[PDB]
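Chains as they are written, first to last, in the authors' numbering: chain Bd, 7 to 56; chain BP, 36 to 70, 82 to 97, 100 to 107, 119 to 129; chain BK, 1 to 82; chain BU, 21 to 121; chain BD, 7 to 63, 66 to 216; chain BS, 22 to 90, 93 to 97, 113 to 124, 130 to 143. All residues carry an ideal CB built from backbone N, CA and C; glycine is no exception.
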Amino acid sequence: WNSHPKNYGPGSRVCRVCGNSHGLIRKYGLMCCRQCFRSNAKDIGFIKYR
Amino acid sequence: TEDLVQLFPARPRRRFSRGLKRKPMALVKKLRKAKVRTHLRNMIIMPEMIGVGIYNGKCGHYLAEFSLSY
Amino acid sequence: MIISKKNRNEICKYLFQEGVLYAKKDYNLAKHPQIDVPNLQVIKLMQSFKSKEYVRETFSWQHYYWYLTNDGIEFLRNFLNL
Amino acid sequence: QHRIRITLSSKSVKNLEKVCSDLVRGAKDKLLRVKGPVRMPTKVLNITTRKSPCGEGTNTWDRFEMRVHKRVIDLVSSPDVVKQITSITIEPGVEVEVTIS
Amino acid sequence: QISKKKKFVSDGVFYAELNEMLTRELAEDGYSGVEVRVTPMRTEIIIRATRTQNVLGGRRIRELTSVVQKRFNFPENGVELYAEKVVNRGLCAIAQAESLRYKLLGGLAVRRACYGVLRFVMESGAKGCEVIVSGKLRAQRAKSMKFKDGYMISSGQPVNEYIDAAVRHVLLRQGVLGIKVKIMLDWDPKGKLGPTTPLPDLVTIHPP
Amino acid sequence: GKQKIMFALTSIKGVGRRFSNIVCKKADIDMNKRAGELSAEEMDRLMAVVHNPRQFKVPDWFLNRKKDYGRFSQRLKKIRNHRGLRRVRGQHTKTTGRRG
RNA sequence: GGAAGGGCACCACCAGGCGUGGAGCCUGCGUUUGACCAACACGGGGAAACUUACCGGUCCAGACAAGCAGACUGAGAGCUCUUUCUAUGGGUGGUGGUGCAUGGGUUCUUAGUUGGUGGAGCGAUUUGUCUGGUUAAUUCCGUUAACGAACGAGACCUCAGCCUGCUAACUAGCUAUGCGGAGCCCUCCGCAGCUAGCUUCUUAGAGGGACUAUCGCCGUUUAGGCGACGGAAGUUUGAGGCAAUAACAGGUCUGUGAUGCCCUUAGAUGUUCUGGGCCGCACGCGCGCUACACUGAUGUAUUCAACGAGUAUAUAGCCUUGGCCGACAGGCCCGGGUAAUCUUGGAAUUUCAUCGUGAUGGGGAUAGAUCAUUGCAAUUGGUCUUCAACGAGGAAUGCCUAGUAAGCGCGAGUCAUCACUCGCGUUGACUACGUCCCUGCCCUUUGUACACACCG
Ligand SMILES: [K+]
Ligand SMILES: [K+]
Ligand SMILES: [K+]
Ligand SMILES: [K+]
Ligand SMILES: [K+]
Ligand SMILES: [K+]
Ligand SMILES: [K+]
Ligand SMILES: [K+]
Ligand SMILES: [K+]
Ligand SMILES: [K+]
Ligand SMILES: [Mg+2]
Ligand SMILES: [Mg+2]
Ligand SMILES: [Mg+2]
Ligand SMILES: [Mg+2]
Ligand SMILES: [Mg+2]
Ligand SMILES: [Mg+2]
Ligand SMILES: [Mg+2]
Ligand SMILES: [Mg+2]
Ligand SMILES: [Mg+2]
Ligand SMILES: [Mg+2]
Ligand SMILES: [Mg+2]
Ligand SMILES: [Mg+2]
Ligand SMILES: [Mg+2]
Ligand SMILES: [Mg+2]
Ligand SMILES: [Mg+2]
Ligand SMILES: [Mg+2]
Ligand SMILES: [Mg+2]
Ligand SMILES: [Mg+2]
Ligand SMILES: [Mg+2]
Ligand SMILES: [Mg+2]
Ligand SMILES: [Mg+2]
Ligand SMILES: [Mg+2]
Ligand SMILES: [Mg+2]
Ligand SMILES: [Mg+2]
Ligand SMILES: [Mg+2]
Ligand SMILES: [Mg+2]
Ligand SMILES: [Mg+2]
Ligand SMILES: [Mg+2]
Ligand SMILES: [Zn+2]
Numbered sequence: 007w008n009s010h011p012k013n014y015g016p017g018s019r020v021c022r023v024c025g026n027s028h029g030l031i032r033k034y035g036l037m038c039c040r041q042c043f044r045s046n047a048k049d050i051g052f053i054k055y056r
Numbered sequence: 036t037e038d039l040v041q042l043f044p045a046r047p048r049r050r051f052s053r054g055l056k057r058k059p060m061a062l063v064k065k066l067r068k069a070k082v083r084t085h086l087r088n089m090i091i092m093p094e095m096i097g100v101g102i103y104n105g106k107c119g120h121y122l123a124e125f126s127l128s129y
Numbered sequence: 001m002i003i004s005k006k007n008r009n010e011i012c013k014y015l016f017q018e019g020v021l022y023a024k025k026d027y028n029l030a031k032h033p034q035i036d037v038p039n040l041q042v043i044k045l046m047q048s049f050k051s052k053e054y055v056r057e058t059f060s061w062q063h064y065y066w067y068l069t070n071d072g073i074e075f076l077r078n079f080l081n082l
Numbered sequence: 021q022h023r024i025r026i027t028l029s030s031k032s033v034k035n036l037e038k039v040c041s042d043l044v045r046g047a048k049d050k051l052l053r054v055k056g057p058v059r060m061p062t063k064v065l066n067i068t069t070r071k072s073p074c075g076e077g078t079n080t081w082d083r084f085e086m087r088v089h090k091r092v093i094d095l096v097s098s099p100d101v102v103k104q105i106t107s108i109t110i111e112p113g114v115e116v117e118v119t120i121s
Numbered sequence: 007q008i009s010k011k012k013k014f015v016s017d018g019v020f021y022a023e024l025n026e027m028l029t030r031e032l033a034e035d036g037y038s039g040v041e042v043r044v045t046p047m048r049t050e051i052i053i054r055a056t057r058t059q060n061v062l063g066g067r068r069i070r071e072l073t074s075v076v077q078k079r080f081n082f083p084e085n086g087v088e089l090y091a092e093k094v095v096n097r098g099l100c101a102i103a104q105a106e107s108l109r110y111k112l113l114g115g116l117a118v119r120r121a122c123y124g125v126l127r128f129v130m131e132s133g134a135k136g137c138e139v140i141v142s143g144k145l146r147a148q149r150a151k152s153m154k155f156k157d158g159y160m161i162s163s164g165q166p167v168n169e170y171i172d173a174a175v176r177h178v179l180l181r182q183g184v185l186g187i188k189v190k191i192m193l194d195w196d197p198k199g200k201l202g203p204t205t206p207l208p209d210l211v212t213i214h215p216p
Numbered sequence: 022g023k024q025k026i027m028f029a030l031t032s033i034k035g036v037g038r039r040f041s042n043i044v045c046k047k048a049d050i051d052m053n054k055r056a057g058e059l060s061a062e063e064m065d066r067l068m069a070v071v072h073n074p075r076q077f078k079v080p081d082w083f084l085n086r087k088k089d090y093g094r095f096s097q113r114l115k116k117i118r119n120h121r122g123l124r130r131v132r133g134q135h136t137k138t139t140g141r142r143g
């Protein structure tokens, strides 16, 4: 059971909101996929300026 | 087993210096007791067993040479 | 799913004394975020009480949350025979 | 005695400016020398992401951008009067930190 | 210790998590946002609801106060959580969003439900309103149907503070219906109604 | 013939720019003259330097044929090796390989 | 519409700048799949393990609710051993199908769209929404069976461009002095002066500055346009964000504990691991990297940026300073920074020379030998040797008008290790400032046997 080392890689990190193993943004420790992160950009505080 | 890895190429030197897992000594014990059906191919060949068969995924070097799948 | 008596006792004590439940969907994490119980056991036990109307659920961002009712506390008293 | 440094961190310019002026004037009430206010260089967090959930369509990227504003105040006074001055109310979005300087 | 950037991101994602958790529990009461403040030794998190007499039930509020204390590893006796009443139910976009969701789920015709919501928002005093329902209403083919009136701006910076918008995905018997509600707010200089600033196209004149 | 000894010995196999440099300067040989000027009294010195690298203090890593399968110095098909049989480098050959 | 007029556009042309298609390279499409101007370095899709949806054993994650030390295998995984799970009723998971059941585009970057009352018509519908002159604009002036209004545009917001004005700076600087360094003074480098003084230089805030005002001409004496001085700026100054109605059976069910139906629901289409595969190659195409050299390679020696990012302290996971060792790749010690403090002291180009027009020192494809780093397990990086095609590229073809194109690097995303996309800066021009010839877009008139609307 889970014998393979999951110390890194997409097998250990999932989107905090949805849970995808792809499109994971990690800058500033966001830990979420691009779709979910773009959905809640206003909620986080990410607002367009230019 | 120090002189052999000393004149072995760089990759065997580093890999053997980096340590070994349990399945390696399980394999060598099985081989010496039997004196070949495992899928593992990441054992750098030492002169111990000079004297085959690996699952290809469909049916001074590693065993990752004869594991041809297609 | 098979559950030991002591583990179910510990889950019940946690549910009673601190009547708020949260969990993370990671059975590889062999310790529940507060109590040493593995996550799978408590999650499956709670899913067992789910159909029993004793607790109500809320799932947000891969996180289980469970909220208590009068039936839950009375079930805890009945099981513990307090 | 025992100079005290207060740091004011926020994302909104108006709240930080008004609270900084308020705190500096409150310090001036007690007849206290204040070196500042010092407007710390604003730090910008920039992120770019693809709008399309699936890569179909022409690639259009949105550019979220956040600003972090900061001010710093040094007051040559006992810490107790600094706590007394900062004990007054606050507005949302501004974080206050105090350190021995 | 933790750097400022990571902390700011953590509070942002934490507020988003709090919003998502609370919006999926107060469906029977109309969760309408949250205000979070950090006073010395206290972290206040006040929930908003159109119906507040049912949020209190006040033991359940204390359980939801312990929720953030123990789920997010917050310190005890440093976090407070209460409930509050909406200043204007109609003027709140999400309030009418889940109000329309409840109305259509109960058994009312969708058309009549949006006419009722549309009358209610003008009862509140909105400059203009717009309700868009997209999906399959009766037929297999999906359609988009709109009811709009009043002032309805569509572009520019004023779109993100002079309007209040809400979008919901109501799970119906035959599928999922997408609802959107947009409300224009007038200029209230005090700021209790909508924005505290006038529109660029709105200019007032003092008589000579 | 006419090329400078700096790169005149590039032509002979086993020697490139680096070994040519290592030999034209370890025998204390002039460098700003062409090979046509070079005569027999220094050709023997050049061949002595080239043929005896290790004895001439060549840095041990400089030798190209290093530690044969067992001496530092200047079959794959038969043993059934993936390197001898085969691209061995493991390349995305979906597009390339159009030379025949 | 291969009809007549008016207007606009480097995803159109004229006049050019670079290029692609020709060579090698790597990457996608035509051993999981989606996608056919608007697919083809796209799914942030640079897959060693998972990601994984393609191809051995394994648990039930079947909840709720009639009945009780031996051998094999990769793996004492499972089977011998231990021990007190069922027959349904049904639920969860499904990256399984359905994007034609649904919910949540570079049509159109153009200026367009629609009510209320009124007028005309039996009616579909029409006027308002326009002769004309302007504008980037349905922008405005006017004309007027229309009047008065809603969107879009404009207005708005962000950044840059100017301020010897203000606010104020020991986590930023400027100057003088004092001390020490060298050739009293003078040239000169470093260190203090808890105020030597200041914010001119950097930071960040409130503000100001430009509004076409003046000059001339043109136009109607409007709307406005052209050329002038001034000014930092006379293009709304530049560049962006937002951006109306109506649709596509455009894309996505493989992002979503968004979801309806069909299908699996236990020799499971999920789940856990092992291994492989997506990386195939005789072949066609698509986006970029490296060149064809002497305006250059190579070797010395001057040296000028911005953006951002950077720790759990476990000895120590991040940025790394410094010392030591090592040709290089790499290793040990002193440590700093949870940050304007520490990293951060931050290339083409430019004097000098060997080449010498030769597929040559341009080029380095491809190979072998070798060391070490990353990773649990081999990817990359060091040294030498090997030195392929390639001597400006047919039909076609794409981008661009000013600090722009073009050339050179830097940072971030990707990341246990490995760089295409998003920004940053450096050097820095030719032509054009016109047009609808082609490719389109918009409006008016007109013709129509089309209305799935000329691919009719
Ligand atoms: K994703
Ligand atoms: K081929
Ligand atoms: K070409
Ligand atoms: K592409
Ligand atoms: K759709
Ligand atoms: K009408
Ligand atoms: K001096
Ligand atoms: K979707
Ligand atoms: K589905
Ligand atoms: K070569
Ligand atoms: Mg407007
Ligand atoms: Mg606009
Ligand atoms: Mg050679
Ligand atoms: Mg073009
Ligand atoms: Mg253009
Ligand atoms: Mg041309
Ligand atoms: Mg070219
Ligand atoms: Mg090609
Ligand atoms: Mg070709
Ligand atoms: Mg592919
Ligand atoms: Mg790889
Ligand atoms: Mg696998
Ligand atoms: Mg994968
Ligand atoms: Mg288009
Ligand atoms: Mg449009
Ligand atoms: Mg009428
Ligand atoms: Mg200044
Ligand atoms: Mg101005
Ligand atoms: Mg379709
Ligand atoms: Mg899912
Ligand atoms: Mg599966
Ligand atoms: Mg390949
Ligand atoms: Mg591209
Ligand atoms: Mg040079
Ligand atoms: Mg510089
Ligand atoms: Mg060459
Ligand atoms: Mg070459
Ligand atoms: Mg990529
Ligand atoms: Zn997600």
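| task | Please go through the same chain and pick out, in chain order, the residues whose beta-carbon is closer than 8 angstroms to the beta-carbon of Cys122 (chain BD), but skip the five residues on each side of it. | result | Same-chain partners within the cutoff: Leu108, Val139, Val141 and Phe155.
| said: List, in chain order, every chain BP residue whose beta-carbon is nearer than 9 angstroms to that of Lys88 (chain BS). | reply: Those are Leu42 and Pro44, listed as they occur along chain BP.
| query | Hey, which unbroken runs of the alpha helix (DSSP H) at 4 residues or more fall wholly within the segment 11-50 of chain Bd? | reply | Counting only unbroken stretches of 4 or more residues, the alpha helix (DSSP H) elements lying wholly within the segment 11-50 of chain Bd are 40-45 and 47-50, in sequence order.
| request: Name, in chain order, the residues that DSSP records as bridge partners for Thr58 (chain BD). | output: In the DSSP assignment, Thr58 (chain BD) is bridged to no other residue.
| request: Could you tell me the boundaries of the beta strand (DSSP E) in which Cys137 (chain BD) lies? | output: For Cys137 (chain BD), the enclosing beta strand (DSSP E) starts and ends at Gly136 to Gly143.
| Taking a cut of 9 angstroms between CB atoms, which residues from the segment 61-78 of chain BU lie near chain BD? | For the segment 61-78 of chain BU, the set of residues with a beta-carbon nearer than 9 angstroms to any beta-carbon of chain BD comprises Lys63 and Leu65, in chain order.
| Which same chain residues, not among the five before or five after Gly72 (chain BK), have their C-beta less than 6 angstroms away from its C-beta? | Excluding its 5 nearest sequence neighbours in each direction, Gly72 (chain BK) has C-beta neighbours in its own chain below 6 angstroms: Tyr54 and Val55, listed in chain order.
| Just checking, does the segment 35-52 of chain BD make contact with the segment 43-51 of chain Bd on the three C-beta pairs under 8 angstroms criterion? | The segment 35-52 of chain BD is not in contact with the segment 43-51 of chain Bd.
| task | Verify the CB distance criterion: does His135 (chain BS) have a CB-CB separation below 7 angstroms to chain BP? | result | So no, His135 (chain BS) is outside the interface.
| message | Considering only the alpha carbon of each residue, which of BD:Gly124, BD:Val94, BD:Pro208 and BD:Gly202 lies closest to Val61 (chain BD)? | response | The shortest C-alpha separation from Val61 (chain BD) is found at BD:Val94.
| Interface residues of chain BP around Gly93 (chain BS) at Cβ under 8 angstroms? | Neighbours of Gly93 (chain BS) on chain BP, chain order: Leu42.
| request: Check whether the segment 164-173 of chain BD touches the segment 28-37 of chain BS, taking contact to mean three or more Cβ pairs, one atom from each stretch, closer than 8 angstroms. | output: Taking a cut-off of 8 angstroms for Cβ pairs, the segment 164-173 of chain BD and the segment 28-37 of chain BS do not touch, as fewer than three such pairs fall below it.
| said: If you follow the alpha helix (DSSP H) that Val54 (chain BU) is in, where does it begin and where does it stop? | reply: For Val54 (chain BU), no alpha helix (DSSP H) segment is defined; the enclosing uninterrupted segment is the beta strand (DSSP E) at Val54 to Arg70.
| message | With distance defined between alpha-carbon atoms, name the residue in Bd:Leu30, Bd:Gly15 and Bd:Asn13 nearest to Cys21 (chain Bd). | response | Nearest in C-alpha terms to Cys21 (chain Bd), of all of Bd:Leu30, Bd:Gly15 and Bd:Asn13, is Bd:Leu30.
| query | At a cut of 8 angstroms, does the segment 11-22 of chain BK reach the segment 36-46 of chain BK through at least three beta carbon pairs? | reply | Segment contact: the segment 11-22 of chain BK against the segment 36-46 of chain BK, three or more CB-CB distances shorter than 8 angstroms; contact assigned.
| request: Measure the alpha-carbon distance for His72 (chain BS) versus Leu114 (chain BS) and round it to whole angstroms. | output: Going by C-alpha positions, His72 (chain BS) is about 27 angstroms away from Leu114 (chain BS).
| said: Quick check on DSSP: helix, strand or coil for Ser30 (chain BU)? | reply: Residue state, collapsed to three classes: strand.
| Within the 7 angstroms Cβ cut-off, does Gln41 (chain BK) reach chain Bd? | Chain Bd contact via Cβ: absent.
| query | How big is the Cα-Cα spacing for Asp51 (chain BS) and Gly93 (chain BS)? | reply | Whole-angstrom Cα-Cα distance: 36 angstroms.
| message | Across the segment 52-63 of chain BU and the segment 77-90 of chain BU, are there enough close Cβ pairs to call them in contact, namely three or more that are closer than 8 angstroms? | response | Verdict: yes, contact present.
| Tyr34 (chain Bd) vs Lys11 (chain BD) beta-carbon contact at 7 angstroms | For the pair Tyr34 (chain Bd) and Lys11 (chain BD), the CB atoms are nearer than the 7 angstroms cut-off.
| said: By the 8 angstroms beta-carbon criterion, what residues does the segment 81-115 of chain BU contribute toward chain Bd? | reply: For chain Bd, the residues of the segment 81-115 of chain BU that bring a beta carbon within less than 8 angstroms of one of its beta carbons are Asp82, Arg83, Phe84, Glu85 and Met86, in chain order.
| Looking only at DSSP bridge pairs, what is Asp82 (chain BU) linked to? | Per the DSSP secondary-structure output, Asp82 (chain BU) pairs in a beta bridge with BU:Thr69.
| message | Give me the chain BU residues within the contact set of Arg43 (chain BD), using Cβ-Cβ distance strictly less than 7 angstroms, ordered along the chain. | response | What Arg43 (chain BD) touches in chain BU: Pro112.
| field | Contacting residues, own chain, Cβ-Cβ under 7 angstroms from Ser38 (chain BD) (five flanking each side not counted) | value | These residues qualify, in order along the chain: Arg54, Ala55, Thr56, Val94, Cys100, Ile102 and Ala103.
| request: Quick one: which residues of the segment 6-36 of chain BK get their C-beta closer than 8 angstroms to a C-beta of chain Bd? List them in chain order. | output: Taking 8 angstroms as the Cβ-Cβ cut-off against chain Bd, the residues of the segment 6-36 of chain BK that qualify are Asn28.
| request: Could you give the DSSP three-state label for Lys11 (chain BD): helix, strand or coil? | output: Helix.
| field | Residue from BD:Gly18, BD:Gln165, BD:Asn85 and BD:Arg127 whose Cα sits closest to the Cα of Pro46 (chain BD) | value | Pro46 (chain BD) has its Cα closest to that of BD:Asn85, out of BD:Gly18, BD:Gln165, BD:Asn85 and BD:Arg127.
| request: Identify the continuous beta strand (DSSP E) that holds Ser51 (chain BK) and give its terminal residues. | output: The continuous stretches of beta strand (DSSP E) do not include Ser51 (chain BK), and DSSP gives it neither H nor E.
| task | State yes or no: is the C-beta of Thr27 (chain BU) within less than 7 angstroms of the C-beta of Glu111 (chain BU)? | result | No, these two residues do not count as a Cβ contact at 7 angstroms.
| message | What residue range does the alpha helix (DSSP H) around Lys103 (chain BU) cover? | response | Here the alpha helix (DSSP H) through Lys103 (chain BU) covers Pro99 to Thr106.
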